């Protein structure tokens, strides 16, 4: 499956995931792709700040969803 990650700056990432992927694992693939440590990553979907230990499936994040990545310090 393909999901997307859209940033405050407009740039788009695309990630291959599974519904059983944890939000933390999405942050790991982002770090594998962009070098951004996972602690600097907040993911949001439908206004819900997604917690690291739940899965996409837990949030009904399905094929071709577009999450929202807000970096932090």
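Determination method: X-ray crystallography, 1.8 Å.
Keep in mind that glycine also has a Cβ here, set from the backbone N, Cα and C atoms.
The following features are taken from Swiss-Prot:
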| type | residues | note |
| --- | --- | --- |
| CROSSLNK | 6 | ubiquitin cross-link |
| CROSSLNK | 11 | ubiquitin cross-link |
| CROSSLNK | 27 | ubiquitin cross-link |
| CROSSLNK | 29 | ubiquitin cross-link |
| CROSSLNK | 33 | ubiquitin cross-link |
| CROSSLNK | 48 | ubiquitin cross-link |
| CROSSLNK | 63 | ubiquitin cross-link |
| MOD_RES | 65 | phosphoserine |
| MOD_RES | 66 | (Microbial infection) ADP-ribosylthreonine |
| SITE | 54 | site 'Interacts with activating enzyme' |
| SITE | 68 | site 'Essential for function' |
| SITE | 72 | site 'Interacts with activating enzyme' |
Inter-residue Cα distance where the pair is residue 27 (ubiquitin cross-link) and residue 72 (site 'Interacts with activating enzyme'), in Å:
13
Using a 10 Å cut-off between Cα atoms, which of these recorded sites sit near residue 68 (site 'Essential for function'): 6, 11, 29?
6
For the C-alpha pair, I'd like the distance in angstrom between residue 11 (ubiquitin cross-link) and residue 48 (ubiquitin cross-link), rounded off.
21
Where among the recorded positions 33, 54, 68, 72 do you find the Cβ with the fewest other Cβ atoms within 10 Å?
72
What same-chain residues, at least 6 away in sequence, bring their CB to under 8 Å of the CB of residue 63 (ubiquitin cross-link)?
1, 2, 3
